[PDB]
Amino acid sequence: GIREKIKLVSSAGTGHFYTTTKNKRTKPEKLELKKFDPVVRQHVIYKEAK
Amino acid sequence: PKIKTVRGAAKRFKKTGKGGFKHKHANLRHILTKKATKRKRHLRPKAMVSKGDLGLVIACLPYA
Amino acid sequence: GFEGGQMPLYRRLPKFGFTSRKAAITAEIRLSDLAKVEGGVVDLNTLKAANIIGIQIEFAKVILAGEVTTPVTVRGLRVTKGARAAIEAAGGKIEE
Amino acid sequence: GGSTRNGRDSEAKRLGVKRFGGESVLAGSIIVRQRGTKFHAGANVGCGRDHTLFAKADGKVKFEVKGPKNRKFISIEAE
RNA sequence: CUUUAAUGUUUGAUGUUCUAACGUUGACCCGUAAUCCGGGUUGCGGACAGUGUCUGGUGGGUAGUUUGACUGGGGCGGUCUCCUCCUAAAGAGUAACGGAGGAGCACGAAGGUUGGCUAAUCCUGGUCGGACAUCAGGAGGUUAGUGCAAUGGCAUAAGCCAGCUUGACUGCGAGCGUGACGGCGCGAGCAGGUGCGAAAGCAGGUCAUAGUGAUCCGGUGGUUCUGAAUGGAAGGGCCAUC
RNA sequence: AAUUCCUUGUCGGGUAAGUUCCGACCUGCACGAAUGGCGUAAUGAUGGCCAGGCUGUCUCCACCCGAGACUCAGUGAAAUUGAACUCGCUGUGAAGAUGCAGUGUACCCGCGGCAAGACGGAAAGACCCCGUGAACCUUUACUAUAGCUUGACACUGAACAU
RNA sequence: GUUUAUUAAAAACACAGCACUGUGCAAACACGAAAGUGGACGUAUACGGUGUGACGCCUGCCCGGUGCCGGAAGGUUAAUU
RNA sequence: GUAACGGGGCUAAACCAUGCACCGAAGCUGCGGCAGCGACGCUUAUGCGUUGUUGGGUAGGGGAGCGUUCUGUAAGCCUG
RNA sequence: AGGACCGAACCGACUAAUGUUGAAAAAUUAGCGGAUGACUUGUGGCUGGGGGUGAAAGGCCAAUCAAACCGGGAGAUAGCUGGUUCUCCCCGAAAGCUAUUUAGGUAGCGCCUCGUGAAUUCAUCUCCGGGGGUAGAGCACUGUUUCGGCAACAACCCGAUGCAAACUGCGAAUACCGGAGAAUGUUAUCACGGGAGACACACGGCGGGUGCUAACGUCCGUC
RNA sequence: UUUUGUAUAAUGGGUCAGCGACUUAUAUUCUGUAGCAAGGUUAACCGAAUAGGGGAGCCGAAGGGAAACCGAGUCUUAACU
RNA sequence: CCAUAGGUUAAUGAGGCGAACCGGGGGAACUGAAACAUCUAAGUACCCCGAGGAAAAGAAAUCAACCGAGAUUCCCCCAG
Ligand SMILES: [Mg+2]
Ligand SMILES: [Mg+2]
Ligand SMILES: [Mg+2]
Ligand SMILES: [Mg+2]
Ligand SMILES: [Mg+2]
Ligand SMILES: [Mg+2]
Ligand SMILES: [Mg+2]
Ligand SMILES: [Mg+2]
Ligand SMILES: [Mg+2]
Ligand SMILES: [Mg+2]
Ligand SMILES: [Mg+2]
Ligand SMILES: [Mg+2]
Ligand SMILES: [Mg+2]
Ligand SMILES: [Mg+2]
Ligand SMILES: [Mg+2]
Ligand SMILES: [Mg+2]
Ligand SMILES: [Mg+2]
Ligand SMILES: [Mg+2]
Ligand SMILES: [Mg+2]
Ligand SMILES: [Mg+2]
Ligand SMILES: [Mg+2]
Ligand SMILES: [Mg+2]
Ligand SMILES: [Mg+2]
Ligand SMILES: [Mg+2]
Ligand SMILES: [Mg+2]
Ligand SMILES: [Mg+2]
Ligand SMILES: [Mg+2]
Ligand SMILES: [Mg+2]
Ligand SMILES: [Mg+2]
Ligand SMILES: [Mg+2]
Ligand SMILES: [Mg+2]
Ligand SMILES: [Mg+2]
Ligand SMILES: [Mg+2]
Ligand SMILES: [Mg+2]
Ligand SMILES: [Mg+2]
Ligand SMILES: [Mg+2]
Ligand SMILES: [Mg+2]
Ligand SMILES: [Mg+2]
Ligand SMILES: [Mg+2]
């Protein structure tokens, strides 16, 4: 395992979010990468990823 | 005595315009992070009973 | 529904609950009616005493059944825009 | 002892041998793993993830050989 | 008023003493020419002991049950799900305690795209360099490489390097393949919005096939769907998810 | 050895010859000190071995006396039982034949005797396996529980000290 | 001496003897929801439980595990507040 | 117990090749009869004559019937 | 004196025979053990079922005991065994797949029957279009194997000979899929719906794993 | 009878006669048949009791959505598809 | 001391049988869940007490839903 389930959140005031995993063991840096936000209907920045 | 309906069953089915009952897809309410959004996107909508086991359904819901 | 020995069909399939608890007191009138609503004015009730609704009902829709003929004026009720037409087509009238 | 096990079905082969009804997208060949046993060509192509030969626009299937050194190449004209 | 100390006070903590509940299977009296019992007197003990409710421990003393299947009889041993090859008779599919080997993951790059590149091995010649470090030329041609089994595939590379990025997007889906079913797989194209490219165009995760758990019961976020006189709320549904 | 698998261990004694027995050795598969160790006079319908006497136990049976058995008269059962015109052999065959094939043999019916076959009678195998059967039993299986025990509150009060 | 009435009389149980352990009497313990009763009209030279089983010579080393006995200072800890 | 042609028995009653004849089944044909489906003739409600064809059958499915006791038709009928 | 000795009554029960549809649901006969003792016996009394009693065998508790007898819950449950009763007529399976605390049971599918619809649907033969890596063969490749050609005894490589389920630079018969055609076939074919039974198969042929190319062996495919 | 398979030496029956096993109640779904028809039909009860009365109520003529809601449409979605 | 406790007498009433139905106190297991603890069987069987021709229950600190209904009891619906 060693791969925790990470959850990306929208920078928008909406509660929409994405989900995936990360190897915190070697990547203790919270991930962000921008994705589509259905609620706001616009590609924005997604954060939170241990 | 009036036939009793299989409650547990009458909570997952719903007779349609005719014979069919249409239900809810499985594998769409647990461990989803590792599931193709597409796969699930094709699980949200309701689906009719396979006509194969449908016969059974029309037995658990006598008063359906 | 004893699928052999495995998990039954009414098992592997999730359950989408929730029940109106209001649709029970909601009836569905048809266009074929009204002409038998005993006289004019299809009151919020009337149909009840006209045996065709239910003492428990509280809300109902006119809806089109394919009839009307005689001019009627529904009262204290709703109606589809497809019926509030055929109803007026025969000199009808909407309450609201 | 340590000997047994086995995958399963995984048909992967020709399901639309030669000309056929060829609908908007049948298959005609799902021989996965492959890319050369049946190369994407003709009015159709696809060659999805599992290399399953798509089969676009309706018509007839061909099954050619056109191209330097064998190279199957499945193509489907209109019927 | 606080940081802090005597007075009263309140209250918990034990420790003493007291009597008056409570005990007495001490001694008398009466009921009664009774050993039970009851009342009385006295002694001893004394808010203890004992009991009721609640509560932690202990508890085969007792009670109800469970303690899998396949299996060349049963047991022992082994096996049980998923992937690759052979068996498999040139479509699919097919058995055995048949022969072999792997999975329960890994990558924010090992994904996307644009641009570019091409091995292994040997021979010859070259400081320290020799069996083989790096350099040069020739032969050679997928014998290399492929994140991990095997089979299939790969040079237009699916192999290698770098720039820029997040399409590992959201909603849908003509139409197919594969399953008894629950499901599972492939998917052009459509709408919204992205990234890379001059552009045609490519991108809905990885060269593909293993890397997995139905339902229930719940947990977390969202939602003017519902909410038992009404307004809320709890709770329920719906979507996301553990 | 009531304990030793190898095992009839090896040696000695007894015998004409002793896988048992007695005395030893020790290499104790896998004795051992109150789930007692080693001895022990006496006792024992107790296990093993030896001998004298005794004998039909035996070599090897013979005769004899009684109770049946057998015959007659009276009474009068039983299990079992698909139907019988119910032979041998060799083969065949649901794989060991009175009944099938081929062949051989055989006038019809009793009485007394024997038990090789009728997979003879008897008991829905007790062994074995199976059943998501049963019962008792065990335990650090699970879940409970009487009992034992802990504390809180109540029946339960008055004071002082710290 | 006792035992499987009806396949086992024995090497089995019992026994006198020994040892451990509990029990201060309203004893331990046991029957009983209780009252009450046995123990015992007995009282540690007594009663119960367990193991060994005349007698003789004896009965070694291990307390790590389990149980039991004692301590409980501290760590964890129910109801309750 | 002959017991490794079924037996007898066979030098060909064995075998090879060639050819014709015959025996041989509930198969096929002939004749008579029955039921289902199709055709004619027909004649047509009806309806039959001819013809074509079908009719082994466990689990099991389908369709037709027989008879028994009691009720009506029954204060009828049969009946000493 | 003595759980002392011998031995009747009396109590018991070690041995053998006989009995075994007995004289008898434990005896008879000949022996046998105790016989002043934890002795033996009459009469009456008290322990009651998960309870009693037990010098301990699970022994006894009315010919019953690892939980008595009688009545009730009660027609317990029994995926097991057995049995299932008149006649005729038509059709007619399965012994497989996939699941299953599942394996001699079940459930969806498959195969039967009955009904209702459906197109020239379905079958065979012909011709056309297809992908194929089996049989066979071969040895470039993966391995394996000989014999020669140089090797301070042999790879590699050259030539010559073979071998392969998990070898293939080759490669059928044939099966299958599709297209068109004629005839034949009392729709044979598909969908849906009422009723199923059946998921122990056996042998023979062909291709095979396993076994000894043993087995009326075992496991698949196919007729 | 049970079986892949039984003359089977596999099960059951000595024989006879009488008895002996797919029922019944309510519910639900088909098939046939009768009634009526976009309508069909009553329950209890009343009763001049198999009438007649009683339509409380059930089923069907409308569906989609998780529902609010909408409605021959409706869900899904921003959504036109 | 009184007074109680206890004693005697008399007058009344009880006691015990009973078939079902009824109220109350106590209360199973087989079984089903294809195993079994929750759950089921079932507040059934069974034991006990009490009463009547009936018992029980009964005149809202009841429902309703902003309109209103109006004790209890039994039948049919609502509704598997
Ligand atoms: Mg009404
Ligand atoms: Mg137990
Ligand atoms: Mg039980
Ligand atoms: Mg087994
Ligand atoms: Mg194949
Ligand atoms: Mg094939
Ligand atoms: Mg890969
Ligand atoms: Mg010796
Ligand atoms: Mg010992
Ligand atoms: Mg005589
Ligand atoms: Mg024989
Ligand atoms: Mg004899
Ligand atoms: Mg016998
Ligand atoms: Mg038996
Ligand atoms: Mg003695
Ligand atoms: Mg004896
Ligand atoms: Mg002893
Ligand atoms: Mg001893
Ligand atoms: Mg010791
Ligand atoms: Mg003939
Ligand atoms: Mg027939
Ligand atoms: Mg004596
Ligand atoms: Mg005697
Ligand atoms: Mg004597
Ligand atoms: Mg007596
Ligand atoms: Mg007895
Ligand atoms: Mg019962
Ligand atoms: Mg019974
Ligand atoms: Mg399971
Ligand atoms: Mg070959
Ligand atoms: Mg089976
Ligand atoms: Mg089978
Ligand atoms: Mg087979
Ligand atoms: Mg066989
Ligand atoms: Mg057999
Ligand atoms: Mg027989
Ligand atoms: Mg008879
Ligand atoms: Mg059960
Ligand atoms: Mg009011």
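Coordinates for the structure precede this section.
Residues numbered from 1 in each chain as written, not as in the entry; some residues may be left out. Chains lettered and ligands numbered in written order. Part of a larger assembly, values for the part shown. Heavy atoms only, no water.

Here the focus is the overall build of chain A. The secondary structure content of chain A amounts to 0 helices and 6 strands. In chain A, the order of α-helices and β-strands from amino to carboxyl end is β-β-β-β-β-β. For the C-alpha atoms alone, the extent of chain A along its principal axes is close to 35 × 15 × 15 Å. Classification of the 50 residues of chain A by burial places 22% in the buried group. Residue pairs at least 24 apart in sequence account for 33% of intrachain contacts in chain A once pairs closer than 6 positions are excluded. (Helix = DSSP H or I, 4+ residues; strand = E, 2+ residues; numbered from the N terminus. Buried < 20%, exposed > 50% of the residue type's maximum accessible area, 1.4 Å probe, protein only. Contact = heavy atoms within 4.5 Å.)

A contiguous nonpolar surface patch, about 250 Å² in accessible area, is contributed by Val17(D), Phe20(D) and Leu26(D). A relative accessible area of 45% means that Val17(D) is categorised as partly exposed. (Patch = residues over 30% accessible without salt bridge, like charges linked within 9 Å, V, L, I, M, F, W, Y side chains within 5 Å. Areas by Shrake-Rupley, 256 points an atom, 1.4 Å probe, with all protein chains shown as cover. Salt bridge = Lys/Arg side-chain N within 4 Å of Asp/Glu carboxyl O.)

As a further point, take the arrangement of the chains. The highest contact count of any of the 2 pairs of chains in contact belongs to chains B and C. There is a clear gap between chain A and chain D: no contact, and 22 Å between their nearest C-alpha atoms.

Residue and element names in this part refer to chain B. Looking at RNA strand K, the residues that line it are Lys2, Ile3, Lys4, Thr5 and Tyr63. If you look at RNA strand K and keep only atoms within 4 Å of the protein, 69% of those are sugar or phosphate atoms. Take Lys2: an N or O atom from its side chain is 2.6 Å from a sugar or linking oxygen of RNA strand K. Looking at side-chain class alone, the surface near RNA strand K contains 2 nonpolar, 1 polar and 2 charged residues. (Near = heavy atom within 4 Å. Polar contact = N/O pair within 3.5 Å; in protein donor to acceptor, adjacent residues only side chain to side chain. Nonpolar A, V, L, I, M, F, W, Y, C, P; charged D, E, K, R; others polar.)

Within the structure, RNA strand J sits among 26 residues, and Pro1(B), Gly17(B), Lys22(B), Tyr63(B) and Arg30(C) are positioned closest to it. Considering RNA strand J, the proportion of its atoms within 4 Å of the protein that are sugar or phosphate atoms stands at 66%. Contact distances for RNA strand J include 2.7 Å between a base oxygen and a backbone N or O atom of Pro1(B). When the residues that make up the surface near RNA strand J are grouped by side-chain class, the tally is 8 nonpolar, 7 polar and 11 charged.

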